[PDB]
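Student:
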Amino acid sequence: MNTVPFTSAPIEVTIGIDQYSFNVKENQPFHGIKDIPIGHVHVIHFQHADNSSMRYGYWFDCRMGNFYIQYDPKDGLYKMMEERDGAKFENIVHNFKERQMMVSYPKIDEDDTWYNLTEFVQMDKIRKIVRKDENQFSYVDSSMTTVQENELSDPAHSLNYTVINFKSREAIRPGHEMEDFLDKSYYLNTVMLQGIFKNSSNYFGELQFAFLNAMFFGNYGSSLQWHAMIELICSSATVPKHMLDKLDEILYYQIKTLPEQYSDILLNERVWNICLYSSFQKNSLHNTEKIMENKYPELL
Amino acid sequence: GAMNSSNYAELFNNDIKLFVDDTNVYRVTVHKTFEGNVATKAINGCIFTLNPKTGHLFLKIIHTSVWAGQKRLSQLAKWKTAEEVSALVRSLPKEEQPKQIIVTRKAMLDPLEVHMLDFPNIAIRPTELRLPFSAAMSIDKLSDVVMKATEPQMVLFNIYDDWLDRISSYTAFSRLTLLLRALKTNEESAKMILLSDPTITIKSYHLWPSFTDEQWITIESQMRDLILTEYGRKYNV
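Each protein sequence line maps, in turn, to chains B and Y.
Residue numbering for the first sequence is 2 to 301, as defined by my numbering.
Residue numbering for the second sequence is 631 to 867, as defined by my numbering.
Structure representation (structure tokens):
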């Protein structure tokens, strides 16, 4: 069970750790989060009490290093850092645990939610979407634009999601215009799966990471990417059965976790109505169709 | 964006542009079968591609053989239209290629955009104008070439005859839309107006009769009278 200690909490802040959240008061004796489950990526995220602008946070994997949070009063945020001295880090954590100055990652034993949301998400794939090679962890915030948004303005601070564009030469073989536009199977199976992603696991990891950034930061470009990757599968007549079944599981847990009160800003009416009721795969997503109809019948 | 009444003079500027009307591409008659079911029979159709500045009409005849063994014909007709407009553009020398293609029906936007991906600088626009280009097949010489076709064919026309010798593009397009609106509204009455005086003929190389400037004013008045008469008959006004 790994630990992310905090030097201190000088400013009042709502701290998220994965799907959990805790409020910390200005100068509260808070020194971090313990008992973080090994085997998954994690996200530690922040929303300042005095300025709900910029949600921001860090994706990390405790298997890759010893990470801690320290507030920077110059740049006015909580920064993740790596501690390369193992014995110093162990001694800091031990003192903070002995003084019970840490919150415990509140995982219920029966509860697979986080695994279900991150099944395909790898830290190495996150570090290619979010490019800052000198750190082992990845900073994301509410305002970061995607490479696709930027095409349509600081490229170093971009989210490098794979560009999906249904009315592009990449999506449409000369000579197969109607075929490829009405049936996206070429674009999904040859261009995206065989060509760019190499396999369905990498495709689903990016889909899952987009959703998480949309939900935890309200990152609009990430929400666009999540819906585009759903629509690309649902708009394909030819999809491997294992991928359809896995997609239904993926989307069910994402719709299950979404805060009921963010459905208006996180769900695209057109894409969901097309995917569940019109598309080639309208009858392939039974679990997702059932939860959507029971939780968000207004959207549909 | 959309071509409307606000940006109407743009049609007659020096930027090459084409209207594309797909109404008459897929044409059927509906009939009872022996068993008392209903079937369609396709007839030859056409794409109406017009330069409103010059009057040049690229009439691509759509022969019934292109539907043989195909499904979802009303959908396919839009993609076949877009394929044939794309092929026409690629056939033209660069300096004759349009900078804009205006589709008369919004359902043509995606098909045409996808066929024209190789031309990112050609704008594909809809229009808020209600244009009467469906009535092209009321022009006897156009109907005749379409019906006689035994294979796919392109036929080139100047839909303004020699009018641009005497009037502006703006005026010629206004005359054309008035004549096509009257033919759409009451074809029999519009044709009687055009052919009523036997001494005014259609030249072998023309579509419309050889009216003097004063006769065109009379004819245009008679066409507006027909359109208004038919509106009063329709609405009991």
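Using N, Cα and C, we set each Cβ at its ideal position, and we do this for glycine too.
1. Using a Cβ-Cβ cutoff of 7 Å, what residues of the segment 177 to 208 of chain B are near chain Y? List them in chain order.
2. Provide the residue span of the alpha helix (DSSP H) that contains Y:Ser799, from first to last.
3. Classify B:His46: buried if its beta carbon has 16 or more other beta carbons within 10 angstroms, exposed otherwise.
4. Which runs of the alpha helix (DSSP H) fall wholly inside the segment 228 to 299 of chain B and span at least 4 residues, in chain order?
5. Hey, is the segment 197 to 211 of chain B in contact with the segment 227 to 247 of chain B, meaning 3+ C-beta pairs nearer than 8 Å?
6. Per DSSP, what kind of secondary structure is B:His49 in: helix, strand or coil?
7. Under the three-state reduction of DSSP, which class applies to Y:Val650: helix, strand or coil?
8. Express the C-alpha separation of Y:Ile677 and Y:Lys708 in angstroms, rounding to a whole number.
9. So, helix, strand or coil for B:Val122, using DSSP?
10. Comparing C-alpha positions only, which one of B:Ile109, B:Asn92, B:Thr163 and B:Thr114 sits nearest to residue 358 of chain B?
11. Of the choices Y:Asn674, Y:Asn667 and Y:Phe649, whose alpha-carbon is the least far from that of Y:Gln783?
12. Would you kindly work out how many angstroms separate the C-alpha atoms of B:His287 and B:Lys98, rounded to a whole number?
13. Going by other Cβ atoms of all chains shown within 10 Å of its Cβ, with 16 needed for buried, is Y:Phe787 buried or exposed?
14. Say whether chain Y places a C-beta atom closer than 7 Å to the C-beta of B:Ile173.
15. Let me know if B:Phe23 comes out buried or exposed under the rule of 16 or more other beta-carbons within 10 Å of its beta-carbon.
16. Please specify which runs of the alpha helix (DSSP H), each continuous and at least 4 residues long, are wholly inside the segment 52 to 111 of chain B, giving them in chain order.
17. Using CA coordinates, which residue listed in B:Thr4, B:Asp19, B:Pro11 and B:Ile12 is at the minimum distance from B:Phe217?
18. Check the C-beta distance from Y:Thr659 over to Y:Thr670 and give it rounded, since I have them as a contact under 8 Å.
19. Between B:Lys133 and chain Y, is there a C-beta pair that is closer than 7 Å?
20. If you draw a straight line from the alpha carbon of Y:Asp791 to that of Y:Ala639, how long is it in whole angstroms?
21. Output the distance between the C-alpha atoms of B:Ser285 and B:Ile130, rounded to the nearest integer angstrom.
22. Have a look at Y:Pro750, Y:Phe803, Y:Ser768 and Y:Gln700 and flag the residue whose alpha-carbon is nearest the alpha-carbon of Y:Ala672.
23. Enumerate in chain order the residues of its own chain whose CB-to-CB distance from B:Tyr297 is below 7 Å, with the five nearest sequence positions on each side excluded.
Tutor: By the coordinates alone:
1. Correct list: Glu178, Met179 and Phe182.
2. To locate residue 799 of chain Y, count along the second sequence from 1; it is residue 169. Counted as a single uninterrupted DSSP element, the alpha helix (DSSP H) harbouring Y:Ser799 occupies residues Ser799 to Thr815.
3. By 1-based counting over the first sequence, the position of residue 46 of chain B is 45. Buried: at least 16 other Cβ atoms inside 10 Å.
4. Runs of the alpha helix (DSSP H) inside the segment 228 to 299 of chain B: 242 to 258, 264 to 267, 270 to 274 and 287 to 296.
5. Contact between the segment 197 to 211 of chain B and the segment 227 to 247 of chain B is established, with three or more Cβ pairs separated by less than 8 Å.
6. Stepping through the first sequence from its first residue, residue 49 of chain B is reached at position 48. Correct three-state label for B:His49: strand.
7. Numbered from 1 along the second sequence, position 20 holds the residue referred to as residue 650 of chain Y. Strand, per DSSP.
8. For this step, residue 708 of chain Y is matched to residue 78 along the second sequence. For this step, residue 677 of chain Y is matched to residue 47 along the second sequence. Rounded to whole angstroms, the gap between the alpha carbons of Y:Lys708 and Y:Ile677 is 10 Å.
9. Against the first sequence, residue 122 of chain B aligns to sequence position 121. Correct three-state label for B:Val122: coil.
10. Nothing can be reported for residue 358 of chain B: it is not among the residues displayed for chain B, which extend from 2 to 301.
11. On the second sequence, residue 783 of chain Y is found 153 positions in, with the first residue counted as 1. Minimum Cα distance to Y:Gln783 is reached at Y:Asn674.
12. For the purposes of this step, residue 287 of chain B is identified with residue 286 of the first sequence, where counting begins at 1. For the purposes of this step, residue 98 of chain B is identified with residue 97 of the first sequence, where counting begins at 1. Cα to Cα, B:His287 sits roughly 46 Å from B:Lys98.
13. Residue mapping note: residue 787 of chain Y aligns to position 157 of the second sequence, counting from 1. When all chains shown are included, Y:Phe787 counts as buried.
14. Numbered from 1 along the first sequence, position 172 holds the residue referred to as residue 173 of chain B. Yes, B:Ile173 lies at the interface with chain Y (some Cβ there is under 7 Å from its Cβ).
15. Mapped onto the first sequence, residue 23 of chain B falls at position 22. B:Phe23 should be labelled exposed.
16. Segments of the alpha helix (DSSP H) lying fully in the segment 52 to 111 of chain B: 87 to 99.
17. Position 216 of the first sequence, counting from 1, holds the residue named residue 217 of chain B. The shortest Cα separation from B:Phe217 among B:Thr4, B:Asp19, B:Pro11 and B:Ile12 belongs to B:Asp19.
18. Translated into the one-based positions of the second sequence, residue 659 of chain Y becomes position 29. Translated into the one-based positions of the second sequence, residue 670 of chain Y becomes position 40. About 7 Å separates the Cβ atoms of Y:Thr659 and Y:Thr670, confirming a contact at the 8 Å cut-off.
19. Position 132 of the first sequence, counted from the start, is the residue given in the question as residue 133 of chain B. For B:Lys133, the answer is no, since every Cβ of chain Y falls outside 7 Å of its Cβ.
20. What you label residue 791 of chain Y is simply residue 161 of the second sequence in a count that begins at 1. What you label residue 639 of chain Y is simply residue 9 of the second sequence in a count that begins at 1. Distance between the alpha carbons of Y:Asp791 and Y:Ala639: 21 Å.
21. As a working mapping, residue 285 of chain B is identified with position 284 in the first sequence. As a working mapping, residue 130 of chain B is identified with position 129 in the first sequence. A direct Cα-Cα distance of roughly 29 Å separates B:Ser285 from B:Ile130.
22. Here residue 672 of chain Y refers to the residue found at position 42 when the second sequence is read from its first residue. With distances taken between Cα atoms, Y:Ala672 lies closest to Y:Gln700.
23. Against the first sequence, residue 297 of chain B aligns to sequence position 296. For B:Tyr297, where only same-chain residues beyond five positions count, the Cβ hits under 7 Å are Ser264 and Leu268.
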